[PDB]
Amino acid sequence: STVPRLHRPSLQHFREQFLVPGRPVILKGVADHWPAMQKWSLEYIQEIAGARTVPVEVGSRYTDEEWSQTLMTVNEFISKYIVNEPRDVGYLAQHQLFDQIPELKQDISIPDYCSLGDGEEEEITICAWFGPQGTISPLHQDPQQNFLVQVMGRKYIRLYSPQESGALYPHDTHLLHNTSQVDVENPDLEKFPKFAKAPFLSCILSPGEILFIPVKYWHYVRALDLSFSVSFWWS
């Protein structure tokens, strides 16, 4: 089924119906007035961030054997992996761009819902996810609550509850134990038969929308267009 969409729910409603039970939801009317929503174009990103060095993941999926990480300027990333017919998929993923470039922080806001957590605002981790159509983050789970805010483009997102972990065949190794062995959109059902019947939620996340990903909820993400998302990891 689909992830529910709610317009600006009260803190108490979000707490009781979503945060405490650990249920995903899309929040509307919360981030649609970030300055980023109108300001962030490729040209703006080049002007504010183009000369800075960022880590770039190169390859279809971080679970691939050919996949690698490199360093380049934001201008180089845009030129090589977005605008010119790219030779490979590149992704500026999982990067604390707003600590690197404080000016961009003025264009976003931490959702007020984060104040319901038991952690300090100073410990909230804010990451940028910027890349072309077709980037894929394989199915994985994270150790904190997350608000994933879509600024540019759309993403297809599949969510599996922690209760379904046995059907998702987590990797055995330490570096990948938070990651599924299954390719969500083309699963090997001969090797991973339990995956076929595992229930899930899905959505297309569009600009101005926030997806709440409960702590430890398994999530898979594919960009459908040139995309920029901002995540807030909080407890």
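Note that residue numbering follows the sequence shown and begins at 1.
Stretches compared: 48-56, 162-170. Higher mean C-alpha B-factor in the entry: 162-170. Per the PDB record, of the two stretches 3-11 and 226-234, 3-11 carries the greater mean B-factor over its C-alpha atoms. Which of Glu209, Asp188, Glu66, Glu185 has the largest Cα B-factor in the deposited entry comes down to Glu66. Per the deposited record, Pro102 carries the highest C-alpha B-factor of all listed residues (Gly153, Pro143, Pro102, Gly90). Sorting the modelled residues of the chain by their CA temperature factor places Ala36 in the middle third. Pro111 sits in the middle third of its chain by CA B factor, as recorded in the PDB entry. In the PDB entry, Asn75 places in the middle third of its chain by CA B-factor.
Among all modelled residues in this chain, the alpha-carbon of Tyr62 has a temperature factor (C-alpha) in the highest third.
When the CA B factors of the chain's modelled residues are split into thirds, the value for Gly22 lands in the middle one.
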